[PDB]
Amino acid sequence: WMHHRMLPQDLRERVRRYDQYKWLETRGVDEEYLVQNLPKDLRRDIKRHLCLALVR
Amino acid sequence: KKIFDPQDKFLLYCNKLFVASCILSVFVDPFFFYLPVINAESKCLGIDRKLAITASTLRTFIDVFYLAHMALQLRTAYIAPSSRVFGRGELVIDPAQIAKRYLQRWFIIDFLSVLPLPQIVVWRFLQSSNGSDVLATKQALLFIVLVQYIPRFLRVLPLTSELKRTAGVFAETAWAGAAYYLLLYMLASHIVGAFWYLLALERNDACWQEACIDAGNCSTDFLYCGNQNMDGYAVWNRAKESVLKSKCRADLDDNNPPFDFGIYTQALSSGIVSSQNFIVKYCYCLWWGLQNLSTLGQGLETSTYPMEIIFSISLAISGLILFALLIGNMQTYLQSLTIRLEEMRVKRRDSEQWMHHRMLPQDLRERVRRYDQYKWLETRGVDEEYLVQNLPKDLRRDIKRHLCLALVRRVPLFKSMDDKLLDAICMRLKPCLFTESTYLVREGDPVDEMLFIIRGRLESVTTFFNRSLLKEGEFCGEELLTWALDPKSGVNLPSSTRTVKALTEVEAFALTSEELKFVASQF
Amino acid sequence: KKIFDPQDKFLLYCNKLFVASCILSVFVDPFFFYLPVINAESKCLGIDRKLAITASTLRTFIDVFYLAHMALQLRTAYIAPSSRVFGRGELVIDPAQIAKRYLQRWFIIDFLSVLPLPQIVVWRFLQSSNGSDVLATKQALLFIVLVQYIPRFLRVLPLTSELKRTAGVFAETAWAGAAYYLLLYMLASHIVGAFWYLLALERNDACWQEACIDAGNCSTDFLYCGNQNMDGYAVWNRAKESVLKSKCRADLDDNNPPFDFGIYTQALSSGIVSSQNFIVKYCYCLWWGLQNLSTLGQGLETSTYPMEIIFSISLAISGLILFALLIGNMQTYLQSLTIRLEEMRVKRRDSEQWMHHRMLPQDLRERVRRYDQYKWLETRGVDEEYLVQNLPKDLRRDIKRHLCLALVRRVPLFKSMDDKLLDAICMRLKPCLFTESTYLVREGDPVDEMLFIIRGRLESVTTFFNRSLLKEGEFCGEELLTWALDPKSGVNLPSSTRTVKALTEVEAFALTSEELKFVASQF
């Protein structure tokens with residue numbers, strides 16, 4: 001797509017960099033799809049473990 | 001004239017015992033290749049006569065049975081594009097141009113297959129008392145069957161390669177994907193072993209025809225059966241089994257034989273070319289076919305004769321194709337068989353990756369693994385609501401009334417209600433699952449689904465605090481109901497009054513809040 | 001100077017008969033490996049001369065035809081990124097820097113392929129009357145062709161391995177995925193059999209060069225053709241066919257021969273190295289190539305000579321690669337071929353699993369199986385509305401007006417209506433399917449779709465009760481229409497008046513309620 005659209009190479013490096021970083025962090029795993037397929041009590045406990053100290 | 005309509009049931013059995021005739025016709029053409037024999041008593045090259053009448057009879061008794069198909073597609077309608085039709089096409093039983101509809105593309109391929117070309121080669125040989133025609137019968141059978149393979153395999157291609165893509169009578173197991181590409185091996189082995197037999201006799205004919213000229217006192221007419229009462233045959237008779245033995249013997253231990261038979265020395269040293277038992281000859285050639293198609297020619301030691309080399313190259317290429325087809329149709333079957341299990345394993349590896357990345361506590365990691373294993377044990381990967389939503393509305397309503405009517409008709413406000421609106425309530429009941437010691441609700445939380453218990457036992461305490469049990473058939477969530485039918489609430493999800501713990505693994509049917517407002521707004 | 005634009009049609013045939021030249025160029029380089037022969041009359045090692053001029057001519061007549069490609073990308077434009085363009089790139093026909101655009105990366109790989117390196121090895125040998133140069137021609141052809149394989153196979157890699165990933169002129173069948181990886185076998189067999197021939201002559205040269213020194217009365221110049229009128233050749237001539245026979249004979253039965261030829265003893269014992277017929281030699285070497293690439297070297301009995309062992313290791317590895325590529329591209333083709341059938345079988349196994357888990361009655365299980373088989377027979381897995389919604393709006397409107405205009409223009413309130421708004425009505429008609437004895441509606445139920453019948457017959461009773469028939473072209477659901485165009489209703493789905501049973505398998509086009517309010521609110 002970047003060859004078809006002829007993006008500048010500074011914009012092509014920013015796309016490649018984000019895709020490599022997202023692959024390094026998530027490894028392809030859709031985290032919100034995993035969380036939304038959990039029971040509501042398990043969702044709430046996992047989300048309170050991950051995100052309560054940040055909000056508080 | 002009664003020109004037929006294309007979806008008649010008579011043109012469903014006359015295309016059922018018809019494709020069987022197209023299948024059994026490509027098994028009969030290799031039997032013309034076992035016609036030349038060697039008479040080891042007389043050391044002459046002959047023709048098997050009661051295999052000649054057998055293969056001619058069994059190919060003619062299929063082709064004039066086939067001749068009642070272009071005499072019936074002669075009476076055939078078709079479907080043409082139009083917007084007048086209301087029903088996706090016109091039927092044309094007018095006989096003036098359906099003749100061209102048949103005889104413009106799919107007549108020449110079907111006409112060049114009922115031609116009795118390998119039956120007239122047999123004809124003027126078996127109606128004589130002269131041995132001179134063993135040459136012509138063996139001459140005119142390799143290339144005629146080899147070129148009539150193309151129309152006879154092209155009239156089975158649309159009925160196999162597109163009846164495997166969208167099959168008609170098979171769904172459930174492996175009896176048409178493995179047992180088709182394994183009988184495609186047995187057909188190709190049947191064709192290849194018959195070529196091996198016939199070409200083995202042609203190389204022995206070449207040896208004998210060249211070792212008879214070197215002797216000088218021999219004409220090549222003497223090498224054929226039925227030429228014994230010719231002049232000069234008596235001086236050749238007393239020198240047959242020294243000339244043909246010092247020059248045309250076939251052994252598998254000779255590395256410098258007087259004639260190189262190559263891949264055909266196994267046929268002449270075993271003696272199946274002079275075999276009186278046809279079961280021995282057919283089985284020995286069919287196994288050579290299967291062994292050299294299965295192993296891509298690996299063990300072929302050809303001579304430096306280019307037709308034999310080209311026949312070996314064809315075996316290697318055909319075996320590569322046949323093997324790639326078999327393992328590709330077996331992997332396609334097995335991959336579609338364990339699709340939900342592999343999806344569960346991908347989803348299970350994803351959850352371990354995500355829980356390791358987020359560094360969840362191990363008590364929260366066990367609760368995730370437990371629910372995923374329980375959901376795999378109950379549903380086996382099957383999305384039940386997607387299956388139900390793809391059904392007709394009458395079938396949906398009957399299935400949902402079978403699954404969920406007794407559950408809704410135990411609620412006292414729903415049992416005395418209706419039938420119209422409770423059959424709209426039990427179309428939104430979706431299945432929930434709860435592992436053991438899962439808190440379904442705790443006090444202070446908003447009640448957001450009513451649960452009608454299918455399986456497993458539950459528990460209920462409120463404010464050692466007058467505990468209440470729940471088991472198979474009872475429900476839980478009546479605080480949501482009276483809230484939702486009352487209009488003096490607004491969108492205000494009411495607080496819980498009980499702490500409800502799953503004592504076992506629980507199945508239920510869930511009716512959420514926004515699916516309960518829709519059935520409460522029907523008043 | 002007329003510097004060309006990259007999508008000219010002249011640079012579409014000069015890249016059509018160009019990649020054919022790049023394909024036919026890697027088939028000509030193995031023919032230089034059949035240049036050394038053995039003259040079995042004189043027992044000297046020679047060079048085939050009218051295969052030398054043939055391979056030199058047919059490689060030069062491709063490379064100066066290739067020399068009109070870097071003389072044409074000389075006149076070439078390219079596309080560069082910019083936001084000024086409005087059209088995804090600038091074309092640069094300025095000749096000052098497009099020269100560096102060509103000659104910075106993809107010039108050196110393309111220049112090290114038109115070099116006449118195997119044509120100048122042939123040159124100073126065939127322009128002499130001296131036999132001394134048979135050594136140098138055989139010396140300078142293995143490694144030069146072996147190292148020029150890399151630029152000549154790298155200038156076919158972007159035009160094959162990415163013209164198989166996104167093909168240009170092929171969609172529909174198996175004539176570029178099986179018939180490409182089977183002619184990749186025939187190319188590799190052509191290269192490997194020529195290496196086998198050439199290395200077989202080098203081992204025979206090694207045997208003769210070491211068995212001539214042990215005789216003592218022989219110089220190694222005597223083993224080459226054209227050195228017969230040298231001094232001391234007459235004393236070597238009367239001892240050739242005892243020295244070279246007791247020391248350098250090749251038989252396939254010797255387990256302790258005087259010289260081990262290994263995998264090359266089949267080449268010298270068959271006598272193709274001294275063959276006068278080039279068809280015999282080429283076919284025999286090509287079949288060795290295919291037989292040992294197909295079976296990954298299995299039947300190779302090498303000597304303890306390390307270059308021969310390394311050549312065998314290369315055959316095993318190359319055959320493993322070639323086989324994995326062929327079966328992987330055949331499984332990828334076959335899996336994409338039966339994708340809808342395997343989806344139907346997965347969906348069919350899911351429904352059996354779900355109906356067994358829920359324990360449906362068998363009358364409800366037969367109705368599910370019947371609808372799934374009918375839907376597979378009609379649609380073959382194809383989502384028609386997803387196909388239609390991915391079309392351009394003009395093509396959508398024309399296809400939908402072909403399918404559904406005569407159906408809508410038989411409704412009396414729709415035929416006299418419009419063209420503007422009925423062409424918006426027949427964009428929401430979606431296909432419904434009904435198996436036999438399916439109740440499309442029953443009385444008291446809310447009518448929620450109007451149905452315009454395509455195929456199959458129906459039935460209609462209301463309150464033995466003045467029955468009404470329905471067949472191909474009629475519609476059903478006029479209670480929904482008058483309800484929806486009347487504004488004195490609100491959102492109030494009206495009750496049914498008829499019981500409508502599918503007498504046959506029915507196709508229809510459905511217009512639901514909320515898709516009928518949108519076309520009723522256009523007044």
# chains A, B, ... in the order shown; residues from 1 in each chain; ligands from 1
>>> residues_around(residues="residue A:39", least_positions_apart="4", cutoff="10 Å", atoms="only C-alpha atoms", output="PyMOL selection string")
(chain A and resi 35+43-45) or (chain B and resi 367-368+371+432-435+438+440)
>>> write_last_selection(atoms="C-alpha atoms", output="short mmCIF file (atom, residue, chain, number, x, y, z; two decimals), in the first residue's frame")
data_model
loop_
_atom_site.label_atom_id
_atom_site.label_comp_id
_atom_site.auth_asym_id
_atom_site.auth_seq_id
_atom_site.Cartn_x
_atom_site.Cartn_y
_atom_site.Cartn_z
CA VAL A 35 -11.08 -9.24 27.74
CA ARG A 43 -13.39 -8.76 33.49
CA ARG A 44 -13.90 -6.45 36.46
CA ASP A 45 -11.22 -8.14 38.57
CA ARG B 367 -9.86 -18.13 36.74
CA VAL B 368 -9.26 -17.33 33.06
CA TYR B 371 -13.45 -20.49 32.25
CA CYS B 432 -24.22 -18.06 30.06
CA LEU B 433 -21.56 -20.19 31.71
CA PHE B 434 -20.15 -19.93 35.22
CA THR B 435 -17.26 -21.87 36.69
CA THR B 438 -17.96 -17.51 40.46
CA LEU B 440 -22.79 -14.08 39.62
#
>>> interface_residues(of="chain B", to="chain A", cutoff="12 Å", atoms="only C-alpha atoms", output="PyMOL selection string")
chain B and resi 346-372+374-375+432-435+437-442+445-449+500-501
>>> write_last_selection(atoms="N, CA and C atoms", output="short mmCIF file (atom, residue, chain, number, x, y, z; two decimals), in the first residue's frame")
data_model
loop_
_atom_site.label_atom_id
_atom_site.label_comp_id
_atom_site.auth_asym_id
_atom_site.auth_seq_id
_atom_site.Cartn_x
_atom_site.Cartn_y
_atom_site.Cartn_z
N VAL B 346 -5.23 -21.84 19.57
CA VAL B 346 -4.78 -20.49 19.26
C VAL B 346 -5.28 -19.50 20.30
N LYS B 347 -6.55 -19.60 20.68
CA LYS B 347 -7.13 -18.73 21.69
C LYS B 347 -6.50 -18.95 23.05
N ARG B 348 -6.09 -20.17 23.34
CA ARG B 348 -5.43 -20.53 24.57
C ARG B 348 -3.99 -20.05 24.63
N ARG B 349 -3.25 -20.09 23.52
CA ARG B 349 -1.94 -19.48 23.45
C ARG B 349 -1.97 -17.97 23.52
N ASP B 350 -2.98 -17.34 22.92
CA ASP B 350 -3.18 -15.90 23.03
C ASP B 350 -3.43 -15.45 24.45
N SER B 351 -4.22 -16.19 25.21
CA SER B 351 -4.51 -15.81 26.58
C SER B 351 -3.30 -15.95 27.48
N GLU B 352 -2.48 -16.98 27.26
CA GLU B 352 -1.24 -17.11 28.01
C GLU B 352 -0.27 -16.00 27.67
N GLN B 353 -0.17 -15.64 26.39
CA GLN B 353 0.66 -14.52 25.97
C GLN B 353 0.20 -13.21 26.59
N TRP B 354 -1.11 -12.98 26.62
CA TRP B 354 -1.62 -11.72 27.15
C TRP B 354 -1.51 -11.67 28.67
N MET B 355 -1.72 -12.78 29.36
CA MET B 355 -1.59 -12.81 30.80
C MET B 355 -0.15 -12.75 31.26
N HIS B 356 0.78 -13.25 30.45
CA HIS B 356 2.20 -13.07 30.74
C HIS B 356 2.65 -11.65 30.44
N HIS B 357 2.10 -11.02 29.40
CA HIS B 357 2.47 -9.65 29.08
C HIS B 357 1.95 -8.68 30.12
N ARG B 358 0.74 -8.91 30.61
CA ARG B 358 0.15 -8.00 31.57
C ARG B 358 0.57 -8.31 33.00
N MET B 359 1.19 -9.48 33.22
CA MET B 359 1.59 -9.99 34.53
C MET B 359 0.42 -9.98 35.51
N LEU B 360 -0.57 -10.80 35.18
CA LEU B 360 -1.70 -11.00 36.05
C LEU B 360 -1.28 -11.84 37.25
N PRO B 361 -1.95 -11.68 38.39
CA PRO B 361 -1.75 -12.61 39.50
C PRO B 361 -2.23 -14.00 39.12
N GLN B 362 -1.65 -15.00 39.77
CA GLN B 362 -1.95 -16.38 39.38
C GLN B 362 -3.34 -16.82 39.79
N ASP B 363 -3.95 -16.18 40.79
CA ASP B 363 -5.35 -16.46 41.07
C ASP B 363 -6.27 -15.93 39.98
N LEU B 364 -5.90 -14.84 39.32
CA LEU B 364 -6.65 -14.33 38.18
C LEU B 364 -6.32 -15.07 36.90
N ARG B 365 -5.15 -15.66 36.81
CA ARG B 365 -4.78 -16.48 35.67
C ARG B 365 -5.42 -17.85 35.72
N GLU B 366 -5.65 -18.41 36.90
CA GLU B 366 -6.38 -19.66 37.02
C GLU B 366 -7.85 -19.51 36.71
N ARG B 367 -8.47 -18.39 37.06
CA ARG B 367 -9.86 -18.13 36.74
C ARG B 367 -10.12 -17.94 35.26
N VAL B 368 -9.11 -17.54 34.49
CA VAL B 368 -9.26 -17.33 33.06
C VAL B 368 -9.16 -18.67 32.37
N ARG B 369 -8.14 -19.45 32.74
CA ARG B 369 -7.92 -20.79 32.23
C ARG B 369 -9.08 -21.72 32.54
N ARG B 370 -9.65 -21.58 33.73
CA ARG B 370 -10.77 -22.42 34.14
C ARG B 370 -12.01 -22.13 33.31
N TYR B 371 -12.31 -20.85 33.07
CA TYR B 371 -13.45 -20.49 32.25
C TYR B 371 -13.26 -20.89 30.80
N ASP B 372 -12.05 -20.76 30.28
CA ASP B 372 -11.81 -21.15 28.90
C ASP B 372 -11.92 -22.66 28.70
N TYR B 374 -13.76 -24.65 30.62
CA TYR B 374 -15.16 -24.98 30.80
C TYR B 374 -15.98 -24.63 29.57
N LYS B 375 -15.71 -23.48 28.96
CA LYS B 375 -16.40 -23.08 27.76
C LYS B 375 -16.06 -23.98 26.58
N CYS B 432 -25.37 -18.41 29.26
CA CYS B 432 -24.22 -18.06 30.06
C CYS B 432 -23.61 -19.28 30.73
N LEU B 433 -22.34 -19.14 31.07
CA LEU B 433 -21.56 -20.19 31.71
C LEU B 433 -20.87 -19.60 32.92
N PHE B 434 -20.81 -20.36 34.00
CA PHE B 434 -20.15 -19.93 35.22
C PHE B 434 -19.36 -21.09 35.78
N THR B 435 -18.08 -20.87 36.03
CA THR B 435 -17.26 -21.87 36.69
C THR B 435 -17.55 -21.85 38.19
N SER B 437 -17.41 -21.33 42.15
CA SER B 437 -17.11 -20.19 43.03
C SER B 437 -17.08 -18.86 42.28
N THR B 438 -17.78 -18.77 41.16
CA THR B 438 -17.96 -17.51 40.46
C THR B 438 -19.12 -16.75 41.09
N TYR B 439 -18.86 -15.51 41.47
CA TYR B 439 -19.90 -14.65 42.01
C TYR B 439 -20.70 -14.07 40.86
N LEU B 440 -21.94 -14.54 40.71
CA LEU B 440 -22.79 -14.08 39.62
C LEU B 440 -23.21 -12.64 39.83
N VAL B 441 -23.52 -12.28 41.07
CA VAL B 441 -23.78 -10.90 41.45
C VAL B 441 -23.41 -10.75 42.92
N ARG B 442 -23.06 -9.53 43.29
CA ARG B 442 -22.78 -9.17 44.67
C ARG B 442 -23.56 -7.90 44.97
N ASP B 445 -24.09 -3.85 43.39
CA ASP B 445 -23.87 -3.88 41.96
C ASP B 445 -25.20 -3.80 41.22
N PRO B 446 -25.24 -3.22 40.02
CA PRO B 446 -26.51 -3.19 39.29
C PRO B 446 -26.80 -4.53 38.64
N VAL B 447 -28.01 -5.02 38.88
CA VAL B 447 -28.50 -6.24 38.24
C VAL B 447 -28.72 -5.94 36.77
N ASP B 448 -27.99 -6.64 35.91
CA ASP B 448 -28.07 -6.35 34.48
C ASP B 448 -28.38 -7.57 33.63
N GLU B 449 -28.64 -8.73 34.22
CA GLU B 449 -29.19 -9.86 33.48
C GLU B 449 -29.98 -10.74 34.44
N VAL B 500 -24.58 -14.10 45.08
CA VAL B 500 -24.95 -15.34 44.41
C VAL B 500 -23.68 -16.00 43.90
N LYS B 501 -23.30 -17.10 44.54
CA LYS B 501 -22.07 -17.80 44.22
C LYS B 501 -22.39 -19.12 43.54
#
>>> residues_around(residues="residue C:422", least_positions_apart="3", cutoff="9 Å", atoms="only C-alpha atoms", output="PDB file with N, CA, C and O atoms, in the first residue's frame")
ATOM      1  N   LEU C 405     -36.817  -6.524 -10.826  1.00  0.00           N
ATOM      2  CA  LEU C 405     -37.716  -5.453 -11.253  1.00  0.00           C
ATOM      3  C   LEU C 405     -39.077  -5.991 -11.656  1.00  0.00           C
ATOM      4  O   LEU C 405     -40.105  -5.383 -11.343  1.00  0.00           O
ATOM      5  N   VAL C 408     -41.153  -6.727  -8.484  1.00  0.00           N
ATOM      6  CA  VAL C 408     -41.745  -5.561  -7.838  1.00  0.00           C
ATOM      7  C   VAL C 408     -42.807  -4.921  -8.726  1.00  0.00           C
ATOM      8  O   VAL C 408     -43.817  -4.411  -8.226  1.00  0.00           O
ATOM      9  N   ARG C 409     -42.655  -5.002 -10.047  1.00  0.00           N
ATOM     10  CA  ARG C 409     -43.623  -4.427 -10.974  1.00  0.00           C
ATOM     11  C   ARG C 409     -44.748  -5.394 -11.324  1.00  0.00           C
ATOM     12  O   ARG C 409     -45.349  -5.286 -12.400  1.00  0.00           O
ATOM     13  N   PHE C 414     -47.035  -0.990  -6.490  1.00  0.00           N
ATOM     14  CA  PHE C 414     -45.672  -0.646  -6.873  1.00  0.00           C
ATOM     15  C   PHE C 414     -45.495  -0.442  -8.372  1.00  0.00           C
ATOM     16  O   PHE C 414     -44.624   0.333  -8.773  1.00  0.00           O
ATOM     17  N   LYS C 415     -46.287  -1.117  -9.210  1.00  0.00           N
ATOM     18  CA  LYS C 415     -46.118  -0.990 -10.656  1.00  0.00           C
ATOM     19  C   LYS C 415     -46.522   0.389 -11.153  1.00  0.00           C
ATOM     20  O   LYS C 415     -45.814   0.987 -11.972  1.00  0.00           O
ATOM     21  N   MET C 417     -46.399   3.019  -9.383  1.00  0.00           N
ATOM     22  CA  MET C 417     -45.809   3.998  -8.479  1.00  0.00           C
ATOM     23  C   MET C 417     -44.827   4.937  -9.165  1.00  0.00           C
ATOM     24  O   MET C 417     -45.100   6.136  -9.287  1.00  0.00           O
ATOM     25  N   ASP C 418     -43.697   4.415  -9.622  1.00  0.00           N
ATOM     26  CA  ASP C 418     -42.557   5.277  -9.905  1.00  0.00           C
ATOM     27  C   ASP C 418     -41.595   4.504 -10.800  1.00  0.00           C
ATOM     28  O   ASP C 418     -41.953   3.487 -11.400  1.00  0.00           O
ATOM     29  N   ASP C 419     -40.388   5.045 -10.941  1.00  0.00           N
ATOM     30  CA  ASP C 419     -39.187   4.277 -11.223  1.00  0.00           C
ATOM     31  C   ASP C 419     -38.076   4.582 -10.232  1.00  0.00           C
ATOM     32  O   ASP C 419     -37.341   3.672  -9.839  1.00  0.00           O
ATOM     33  N   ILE C 425     -36.533   0.330  -3.798  1.00  0.00           N
ATOM     34  CA  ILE C 425     -37.133  -0.836  -3.165  1.00  0.00           C
ATOM     35  C   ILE C 425     -36.391  -2.097  -3.572  1.00  0.00           C
ATOM     36  O   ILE C 425     -36.007  -2.904  -2.720  1.00  0.00           O
ATOM     37  N   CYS C 426     -36.114  -2.267  -4.870  1.00  0.00           N
ATOM     38  CA  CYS C 426     -35.362  -3.447  -5.282  1.00  0.00           C
ATOM     39  C   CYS C 426     -33.859  -3.219  -5.180  1.00  0.00           C
ATOM     40  O   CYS C 426     -33.108  -3.552  -6.091  1.00  0.00           O
ATOM     41  N   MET C 427     -33.420  -2.697  -4.041  1.00  0.00           N
ATOM     42  CA  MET C 427     -32.047  -2.744  -3.575  1.00  0.00           C
ATOM     43  C   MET C 427     -31.995  -3.322  -2.182  1.00  0.00           C
ATOM     44  O   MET C 427     -30.901  -3.570  -1.667  1.00  0.00           O
ATOM     45  N   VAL C 519     -38.668   3.092   2.625  1.00  0.00           N
ATOM     46  CA  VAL C 519     -39.196   3.408   1.304  1.00  0.00           C
ATOM     47  C   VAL C 519     -40.624   3.930   1.402  1.00  0.00           C
ATOM     48  O   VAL C 519     -41.158   4.491   0.438  1.00  0.00           O
TER      49      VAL C 519
END
>>> select_by_dssp(residues="stretch 314-489 of chain C", states="helix (DSSP H, G or I)", output="ChimeraX atom specification")
/C:314-337,339-358,362-379,384-389,393-408,412-415,422-425,478-485
>>> residues_around(residues="residue B:93", least_positions_apart="4", cutoff="7 Å", atoms="only C-alpha atoms", output="PyMOL selection string")
chain B and resi 3+76-77
>>> residues_around(residues="stretch 315-330 of chain B", least_positions_apart="4", cutoff="7 Å", atoms="only C-alpha atoms", output="VMD selection string")
(chain B and resid 177 to 178 181 185 293 to 294 296 to 297 311 334) or (chain C and resid 327 330 to 331 334)
>>> write_last_selection(atoms="N, CA, C and O atoms", output="tab-separated table (two decimals), in the first residue's frame")
chain	number	residue	atom	x	y	z
B	177	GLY	N	-13.00	-38.45	-0.06
B	177	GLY	CA	-11.85	-37.60	-0.26
B	177	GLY	C	-10.54	-38.35	-0.15
B	177	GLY	O	-9.55	-38.01	-0.80
B	178	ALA	N	-10.52	-39.36	0.71
B	178	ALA	CA	-9.40	-40.29	0.75
B	178	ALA	C	-9.65	-41.49	-0.14
B	178	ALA	O	-8.75	-41.91	-0.87
B	181	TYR	N	-9.03	-40.26	-3.92
B	181	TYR	CA	-7.65	-40.07	-4.33
B	181	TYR	C	-6.78	-41.29	-4.08
B	181	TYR	O	-5.62	-41.31	-4.51
B	185	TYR	N	-5.11	-43.34	-7.61
B	185	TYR	CA	-3.92	-44.17	-7.69
B	185	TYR	C	-4.16	-45.52	-8.32
B	185	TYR	O	-3.32	-45.98	-9.10
B	293	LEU	N	4.48	-45.68	-9.55
B	293	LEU	CA	3.80	-44.40	-9.40
B	293	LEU	C	3.91	-43.88	-7.98
B	293	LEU	O	4.00	-42.67	-7.77
B	294	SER	N	3.89	-44.78	-7.00
B	294	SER	CA	3.98	-44.37	-5.61
B	294	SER	C	5.36	-43.86	-5.26
B	294	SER	O	5.50	-42.99	-4.39
B	296	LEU	N	7.68	-42.66	-7.50
B	296	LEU	CA	8.12	-41.80	-8.53
B	296	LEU	C	9.24	-42.25	-9.32
B	296	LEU	O	10.11	-41.51	-9.57
B	297	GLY	N	9.22	-43.47	-9.75
B	297	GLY	CA	10.21	-44.05	-10.57
B	297	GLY	C	11.50	-44.35	-10.01
B	297	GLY	O	12.34	-44.79	-10.66
B	311	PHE	N	8.72	-42.53	-21.21
B	311	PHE	CA	7.72	-43.22	-20.40
B	311	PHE	C	8.06	-43.19	-18.92
B	311	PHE	O	7.16	-43.07	-18.08
B	334	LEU	N	-8.30	-33.06	7.05
B	334	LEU	CA	-7.90	-33.06	8.45
B	334	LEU	C	-7.88	-31.68	9.07
B	334	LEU	O	-8.17	-31.55	10.26
C	327	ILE	N	4.45	-29.66	-3.27
C	327	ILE	CA	3.29	-30.09	-2.50
C	327	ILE	C	2.70	-28.93	-1.70
C	327	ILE	O	1.49	-28.90	-1.46
C	330	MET	N	0.56	-27.15	-4.27
C	330	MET	CA	-0.60	-27.94	-4.61
C	330	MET	C	-1.63	-27.98	-3.50
C	330	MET	O	-2.83	-27.91	-3.78
C	331	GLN	N	-1.19	-28.08	-2.24
C	331	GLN	CA	-2.10	-27.97	-1.11
C	331	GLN	C	-2.72	-26.59	-1.02
C	331	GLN	O	-3.91	-26.48	-0.71
C	334	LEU	N	-5.45	-26.60	-3.80
C	334	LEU	CA	-6.57	-27.47	-3.47
C	334	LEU	C	-7.37	-26.99	-2.28
C	334	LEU	O	-8.58	-27.19	-2.25
>>> atom_distance(atom1="atom CA of residue C:44", atom2="atom CA of residue C:222")
7.6 Å
>>> residues_around(residues="stretch 129-146 of chain C", least_positions_apart="2", cutoff="8 Å", atoms="only C-alpha atoms", output="count of residues only")
24
>>> residues_around(residues="stretch 252-263 of chain C", least_positions_apart="4", cutoff="6 Å", atoms="only C-alpha atoms", output="PyMOL selection string")
chain C and resi 247+300-303
>>> closest_residue(among="C:282, C:111, C:264, C:464", to="chain B", atoms="only C-alpha atoms")
C:282
>>> closest_residue(among="C:473, C:381, C:444, C:89", to="chain B", atoms="only C-alpha atoms")
C:473
>>> atom_distance(atom1="atom CA of residue C:215", atom2="atom CA of residue C:196")
28.6 Å
